[PDB]
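Asker: What follows is model_19.txt, made up of compact mmCIF, C-alpha atoms:
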```txt
# COMPACT_ATOMS: atom_id res chain seq x y z
CA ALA A 1 99.67 93.20 46.85
CA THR A 2 102.15 90.45 47.60
CA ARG A 3 100.98 87.81 50.07
CA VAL A 4 97.22 87.32 50.80
CA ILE A 5 97.55 87.33 54.59
CA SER A 6 95.18 85.53 56.96
CA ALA A 7 96.32 87.70 59.82
CA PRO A 8 96.99 91.31 60.87
CA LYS A 9 99.67 93.27 59.05
CA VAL A 10 103.13 93.49 60.63
CA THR A 11 103.98 97.22 60.56
CA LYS A 12 106.92 97.34 62.99
CA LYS A 13 109.59 94.80 63.88
CA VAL A 14 111.53 94.55 67.17
CA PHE A 15 113.64 91.94 68.97
CA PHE A 16 114.84 90.54 72.31
CA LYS A 17 118.23 88.97 73.01
CA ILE A 18 117.68 86.28 75.65
CA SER A 19 120.09 85.20 78.39
CA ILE A 20 119.39 82.17 80.58
CA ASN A 21 121.43 82.07 83.79
CA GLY A 22 123.83 84.55 82.18
CA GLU A 23 124.35 82.52 79.00
CA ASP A 24 123.05 83.59 75.59
CA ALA A 25 119.95 81.77 74.40
CA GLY A 26 119.43 83.53 71.07
CA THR A 27 117.18 86.22 69.68
CA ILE A 28 113.39 86.40 69.45
CA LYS A 29 111.90 88.58 66.73
CA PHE A 30 108.45 90.18 66.89
CA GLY A 31 106.29 92.05 64.42
CA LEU A 32 103.69 94.40 65.84
CA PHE A 33 100.18 95.03 64.51
CA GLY A 34 100.58 98.78 64.29
CA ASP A 35 97.64 99.31 61.93
CA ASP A 36 95.31 97.50 64.34
CA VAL A 37 96.56 98.52 67.79
CA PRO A 38 98.89 101.48 67.18
CA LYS A 39 98.95 102.80 70.74
CA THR A 40 99.73 99.39 72.22
CA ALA A 41 102.32 98.66 69.51
CA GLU A 42 104.05 102.00 70.04
CA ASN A 43 104.27 101.38 73.79
CA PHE A 44 105.94 98.01 73.18
CA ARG A 45 108.28 99.43 70.52
CA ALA A 46 109.53 102.36 72.62
CA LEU A 47 110.08 99.99 75.54
CA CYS A 48 112.25 97.93 73.21
CA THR A 49 114.39 100.91 72.18
CA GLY A 50 114.27 102.72 75.53
CA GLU A 51 113.99 106.04 73.69
CA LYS A 52 111.63 107.63 76.26
CA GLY A 53 114.20 107.39 79.09
CA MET A 54 113.12 107.57 82.73
CA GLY A 55 109.64 106.71 83.88
CA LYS A 56 107.74 108.20 86.78
CA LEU A 57 108.52 105.12 88.88
CA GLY A 58 112.27 105.74 88.84
CA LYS A 59 113.54 103.09 86.43
CA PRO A 60 114.20 103.15 82.68
CA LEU A 61 111.33 102.69 80.23
CA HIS A 62 113.44 99.98 78.57
CA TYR A 63 112.83 96.22 78.58
CA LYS A 64 116.59 95.66 78.79
CA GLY A 65 117.33 93.72 81.95
CA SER A 66 113.74 92.72 82.73
CA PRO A 67 113.14 89.01 83.43
CA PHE A 68 110.48 86.50 82.49
CA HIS A 69 108.96 86.15 85.95
CA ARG A 70 106.20 83.68 85.11
CA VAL A 71 106.70 80.76 82.75
CA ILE A 72 103.81 78.29 82.67
CA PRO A 73 104.28 75.26 80.39
CA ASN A 74 101.58 74.77 77.68
CA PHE A 75 100.20 78.22 78.42
CA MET A 76 102.44 81.25 78.08
CA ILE A 77 105.61 82.99 79.19
CA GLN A 78 105.28 86.40 80.81
CA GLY A 79 107.78 89.20 81.29
CA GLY A 80 108.08 92.97 80.98
CA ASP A 81 108.22 94.03 84.65
CA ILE A 82 110.61 96.95 84.09
CA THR A 83 110.30 98.71 87.47
CA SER A 84 110.56 96.22 90.34
CA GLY A 85 111.16 93.11 88.25
CA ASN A 86 109.16 90.92 90.66
CA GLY A 87 106.10 90.55 88.42
CA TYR A 88 104.10 93.27 90.20
CA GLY A 89 105.72 96.31 88.59
CA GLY A 90 106.00 97.84 85.17
CA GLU A 91 105.17 101.16 83.50
CA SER A 92 103.88 102.21 80.09
CA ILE A 93 105.37 105.06 78.06
CA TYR A 94 102.27 107.20 78.67
CA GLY A 95 102.91 108.37 82.24
CA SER A 96 100.06 106.12 83.42
CA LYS A 97 98.48 102.77 82.75
CA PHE A 98 96.55 103.00 79.52
CA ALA A 99 93.31 101.58 78.24
CA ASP A 100 92.48 98.46 76.29
CA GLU A 101 92.79 99.64 72.70
CA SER A 102 90.96 96.78 70.94
CA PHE A 103 90.06 93.12 71.38
CA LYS A 104 89.55 92.16 67.70
CA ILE A 105 92.77 90.16 67.45
CA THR A 106 92.25 86.92 69.36
CA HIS A 107 94.53 84.43 71.09
CA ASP A 108 93.99 81.78 68.44
CA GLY A 109 97.48 80.29 68.43
CA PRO A 110 100.97 80.04 69.88
CA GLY A 111 103.37 82.90 69.31
CA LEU A 112 101.10 85.92 69.89
CA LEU A 113 102.18 88.93 71.94
CA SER A 114 99.60 90.17 74.37
CA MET A 115 99.43 92.48 77.37
CA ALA A 116 99.17 91.37 80.95
CA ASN A 117 96.94 93.49 83.13
CA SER A 118 95.09 93.53 86.46
CA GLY A 119 91.68 94.53 85.15
CA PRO A 120 90.17 96.63 82.37
CA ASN A 121 92.41 99.45 81.18
CA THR A 122 95.46 98.70 83.30
CA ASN A 123 98.02 98.06 80.56
CA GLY A 124 101.61 98.79 81.55
CA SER A 125 104.83 97.18 80.31
CA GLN A 126 104.09 93.55 81.20
CA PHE A 127 103.26 91.27 78.30
CA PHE A 128 103.15 87.58 77.56
CA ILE A 129 103.68 85.24 74.62
CA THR A 130 101.26 82.37 74.05
CA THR A 131 102.52 78.83 73.61
CA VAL A 132 99.01 77.39 73.14
CA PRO A 133 95.69 78.78 71.88
CA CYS A 134 94.09 80.82 74.70
CA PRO A 135 90.60 81.80 73.52
CA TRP A 136 89.46 82.30 77.11
CA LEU A 137 91.72 85.37 77.24
CA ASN A 138 89.86 87.08 74.38
CA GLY A 139 88.18 90.29 75.54
CA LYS A 140 90.52 90.48 78.55
CA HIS A 141 93.92 90.94 76.90
CA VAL A 142 94.99 93.08 73.95
CA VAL A 143 96.92 91.15 71.29
CA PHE A 144 99.31 93.39 69.39
CA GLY A 145 102.06 91.31 67.78
CA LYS A 146 103.54 87.91 67.13
CA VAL A 147 106.82 86.03 67.15
CA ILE A 148 108.25 86.10 63.62
CA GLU A 149 111.59 84.49 64.39
CA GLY A 150 113.06 82.58 67.30
CA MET A 151 110.00 80.65 68.49
CA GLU A 152 112.43 77.85 69.31
CA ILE A 153 113.77 80.16 72.04
CA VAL A 154 110.25 80.88 73.33
CA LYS A 155 109.81 77.10 73.55
CA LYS A 156 113.16 76.85 75.34
CA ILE A 157 111.99 79.44 77.88
CA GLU A 158 108.73 77.51 78.22
CA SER A 159 110.54 74.26 79.04
CA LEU A 160 112.02 76.04 82.10
CA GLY A 161 108.67 76.88 83.73
CA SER A 162 106.52 75.34 86.45
CA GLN A 163 102.86 74.65 87.09
CA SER A 164 103.19 77.62 89.52
CA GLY A 165 104.91 79.77 86.91
CA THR A 166 108.13 80.27 88.87
CA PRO A 167 110.83 79.53 86.27
CA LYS A 168 113.75 77.21 86.95
CA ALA A 169 116.38 79.70 85.67
CA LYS A 170 116.87 83.48 85.59
CA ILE A 171 115.64 84.30 82.07
CA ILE A 172 116.65 87.82 81.08
CA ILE A 173 116.15 90.16 78.15
CA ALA A 174 119.90 90.71 77.75
CA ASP A 175 119.31 93.24 74.95
CA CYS A 176 116.41 94.55 72.88
CA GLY A 177 115.57 97.12 70.22
CA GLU A 178 113.80 97.90 66.97
CA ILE A 179 114.77 96.14 63.75
CA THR A 180 115.58 99.13 61.51
CA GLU A 181 117.60 97.47 58.76
CA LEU A 182 115.15 96.06 56.20
```
Represent the structure contained in this file as structure tokens.

Answerer:
Amino acid sequence: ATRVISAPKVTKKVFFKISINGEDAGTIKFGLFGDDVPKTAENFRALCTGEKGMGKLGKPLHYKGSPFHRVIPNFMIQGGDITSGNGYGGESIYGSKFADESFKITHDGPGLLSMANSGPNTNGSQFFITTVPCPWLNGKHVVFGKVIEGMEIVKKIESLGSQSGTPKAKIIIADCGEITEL
């Protein structure tokens, strides 16, 4: 026992490489709460690596190339639309939208990964990262990870958003994958 954590255990690590209008913006690192929400964390991890290949909607189950389509200053940045890329698409690794796995982990602070949805049990590939505490989202959105490195880049992406959410630059997951070197 090494740390005395006030927070869920990080059981898997993954990353995004961010491009803004074609230019590199750096890397964001995430750790996922695999012991708490293992089905949601596995979905996000396989979408990072792309290992499941082609989804039923005719585009890769891979976050690579997907944009951040809604960036709302002092709220959150939202991406993960891997089918149509317009903010209405997406697809999980489970051949269908899957159910809310747990609501125990709450949106207490900036930096948390959580799933976007359109109702109960409609999780897909779309996710969002908090930049403020969002306790009104508790019970509606499954939290399943957190930024562990590169929050400065999250903030950079934030600073490009609007009150409407339409961002002021094309913000792209240039590359992504699982951190496998320890």

Asker: Between CA of residue 114 (chain A) and CA of residue 43 (chain A), what is the spacing in Å?

Answerer: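 Separation between CA of residue 43 (chain A) and CA of residue 114 (chain A): 12.2 Å.
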
Asker: For a cut-off of 8 Å around (106.4, 89.3, 88.4), file coordinates, pick out all residues using only C-alpha atoms and list them as a PyMOL selection string.

Answerer: chain A and resi 68-70+79+81+85-89

Asker: What does the distance from CA of residue 2 (chain A) to CA of residue 180 (chain A) come to in Å, to one decimal?

Answerer: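 A separation of 21.2 Å between them.
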
Asker: Using all atoms listed in the file, find the one residue out of A:146, A:126, A:76, A:11 that sits nearest to residue 62 (chain A).

Answerer: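 Checking each of A:146, A:126, A:76, A:11 against residue 62 (chain A), counting all atoms listed in the file, the winner is A:126.
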
Asker: Box along x, y and z, 4 Å on every side, all listed atoms of region 42-49 of chain A inside: centre and edge lengths in Å to one decimal, as AutoDock Vina command-line options.

Answerer:
```
--center_x 109.2 --center_y 100.1 --center_z 72.8 --size_x 18.3 --size_y 12.4 --size_z 13.5
```

Asker: Quick check, in Å to one decimal: how far apart do CA of residue 174 (chain A) and CA of residue 10 (chain A) lie?

Answerer: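 Interatomic distance here is 24.1 Å.
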
Asker: Skipping near chain neighbours, those fewer than 5 positions away, what residues fall within 7 Å of residue 172 (chain A) using only C-alpha atoms, listed as a PyMOL selection string?

Answerer: chain A and resi 18-20+65-68

Asker: Could you take the residues named above and write them with C-alpha atoms, as a PDB file, keeping the file's coordinate frame?

Answerer:
```pdb
ATOM      1  CA  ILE A  18     117.680  86.280  75.650  1.00  0.00           C
ATOM      2  CA  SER A  19     120.090  85.200  78.390  1.00  0.00           C
ATOM      3  CA  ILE A  20     119.390  82.170  80.580  1.00  0.00           C
ATOM      4  CA  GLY A  65     117.330  93.720  81.950  1.00  0.00           C
ATOM      5  CA  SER A  66     113.740  92.720  82.730  1.00  0.00           C
ATOM      6  CA  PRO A  67     113.140  89.010  83.430  1.00  0.00           C
ATOM      7  CA  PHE A  68     110.480  86.500  82.490  1.00  0.00           C
TER       8      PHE A  68
END
```

Asker: Taking 5 positions as the minimum chain separation for residues in the same chain, which residues sit within 10 Å of residue 47 (chain A) when counting all atoms listed in the file? Answer as number ranges by chain.

Answerer: A: 41-42, 52-53, 60-64, 80, 82, 91-93, 125, 176-178

Asker: Contacts of region 99-106 of chain A at 7 Å or less, counting all atoms listed in the file, minus same-chain residues fewer than 3 places along, as an NGL selection string?

Answerer: :A and (37 or 40 or 120-123 or 135 or 138-139 or 142-143)

Asker: Restricting the calculation to all atoms listed in the file: of A:170, A:78, A:55, A:73, which residue gets closest to residue 95 (chain A)?

Answerer: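 Distance minimum relative to residue 95 (chain A) lands on A:55.
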
Asker: Compare A:119, A:58, A:110, A:145 by their minimum atom-to-atom distance to residue 90 (chain A), counting only C-alpha atoms, and give me the closest one.

Answerer: A:58

Asker: Which one is closest to residue 12 (chain A): A:154, A:51, A:108, A:148? Count all atoms listed in the file.

Answerer: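 Among A:154, A:51, A:108, A:148, it is A:148 that comes nearest to residue 12 (chain A).
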
Asker: Could you list, as a short mmCIF file (atom, residue, chain, number, x, y, z; two decimals) with C-alpha atoms, keeping the file's coordinate frame, every residue within 8 Å of residue 109 (chain A), counting all atoms listed in the file and ignoring same-chain residues fewer than 5 positions away?

Answerer:
```cif
data_model
loop_
_atom_site.label_atom_id
_atom_site.label_comp_id
_atom_site.auth_asym_id
_atom_site.auth_seq_id
_atom_site.Cartn_x
_atom_site.Cartn_y
_atom_site.Cartn_z
CA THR A 130 101.26 82.37 74.05
CA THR A 131 102.52 78.83 73.61
CA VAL A 132 99.01 77.39 73.14
CA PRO A 133 95.69 78.78 71.88
CA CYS A 134 94.09 80.82 74.70
#
```

Asker: Which polymer residues have any atom within 7 Å of an atom of residue 164 (chain A), counting only C-alpha atoms, with same-chain residues fewer than 2 positions away left out, as a PyMOL selection string?

Answerer: chain A and resi 72+162+166

Asker: For the residues in that selection, give me C-alpha atoms as a PDB file, in the frame of the given file.

Answerer:
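Writing done, so here's result_18.pdb:
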```pdb
ATOM      1  CA  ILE A  72     103.810  78.290  82.670  1.00  0.00           C
ATOM      2  CA  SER A 162     106.520  75.340  86.450  1.00  0.00           C
ATOM      3  CA  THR A 166     108.130  80.270  88.870  1.00  0.00           C
TER       4      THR A 166
END
```

Asker: Generate N, CA and C atoms for region 88-111 of chain A and emit them as a CSV table (one decimal), keeping the file's coordinate frame.

Answerer:
```csv
chain,number,residue,atom,x,y,z
A,88,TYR,N,105.1,92.4,89.8
A,88,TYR,CA,104.1,93.3,90.2
A,88,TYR,C,104.3,94.7,89.7
A,89,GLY,N,105.4,95.0,89.0
A,89,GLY,CA,105.7,96.3,88.6
A,89,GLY,C,105.5,96.5,87.1
A,90,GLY,N,106.2,97.5,86.6
A,90,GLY,CA,106.0,97.8,85.2
A,90,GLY,C,105.5,99.3,85.0
A,91,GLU,N,105.6,99.8,83.8
A,91,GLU,CA,105.2,101.2,83.5
A,91,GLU,C,105.1,101.4,82.0
A,92,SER,N,104.0,101.9,81.5
A,92,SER,CA,103.9,102.2,80.1
A,92,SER,C,104.7,103.5,79.8
A,93,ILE,N,104.7,103.9,78.5
A,93,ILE,CA,105.4,105.1,78.1
A,93,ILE,C,104.5,106.3,78.1
A,94,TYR,N,103.3,106.2,78.7
A,94,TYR,CA,102.3,107.2,78.7
A,94,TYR,C,102.0,107.8,80.0
A,95,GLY,N,103.0,107.8,80.9
A,95,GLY,CA,102.9,108.4,82.2
A,95,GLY,C,101.9,107.8,83.1
A,96,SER,N,101.1,106.8,82.7
A,96,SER,CA,100.1,106.1,83.4
A,96,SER,C,99.7,104.8,82.7
A,97,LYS,N,99.0,103.9,83.4
A,97,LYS,CA,98.5,102.8,82.8
A,97,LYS,C,97.4,103.2,81.7
A,98,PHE,N,97.4,102.5,80.6
A,98,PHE,CA,96.6,103.0,79.5
A,98,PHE,C,95.5,102.0,79.3
A,99,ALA,N,94.6,102.3,78.4
A,99,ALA,CA,93.3,101.6,78.2
A,99,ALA,C,93.4,100.5,77.2
A,100,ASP,N,92.5,99.5,77.3
A,100,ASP,CA,92.5,98.5,76.3
A,100,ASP,C,92.1,99.1,74.9
A,101,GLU,N,93.0,99.0,74.0
A,101,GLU,CA,92.8,99.6,72.7
A,101,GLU,C,91.8,98.9,71.8
A,102,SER,N,91.8,97.6,71.8
A,102,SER,CA,91.0,96.8,70.9
A,102,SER,C,91.1,95.3,71.3
A,103,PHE,N,90.0,94.6,71.1
A,103,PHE,CA,90.1,93.1,71.4
A,103,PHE,C,89.8,92.3,70.1
A,104,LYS,N,89.9,92.9,68.9
A,104,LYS,CA,89.6,92.2,67.7
A,104,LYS,C,90.5,91.0,67.5
A,105,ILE,N,91.8,91.2,67.7
A,105,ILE,CA,92.8,90.2,67.4
A,105,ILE,C,92.7,89.2,68.6
A,106,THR,N,92.6,87.9,68.3
A,106,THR,CA,92.2,86.9,69.4
A,106,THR,C,93.4,86.0,69.5
A,107,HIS,N,93.4,85.3,70.7
A,107,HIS,CA,94.5,84.4,71.1
A,107,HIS,C,94.3,83.0,70.5
A,108,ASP,N,94.3,83.0,69.1
A,108,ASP,CA,94.0,81.8,68.4
A,108,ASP,C,95.1,80.8,68.4
A,109,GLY,N,96.4,81.2,68.6
A,109,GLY,CA,97.5,80.3,68.4
A,109,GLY,C,98.7,80.6,69.2
A,110,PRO,N,99.7,79.8,69.2
A,110,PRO,CA,101.0,80.0,69.9
A,110,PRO,C,101.7,81.1,69.1
A,111,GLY,N,102.5,81.9,69.9
A,111,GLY,CA,103.4,82.9,69.3
A,111,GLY,C,102.9,84.3,69.4
```
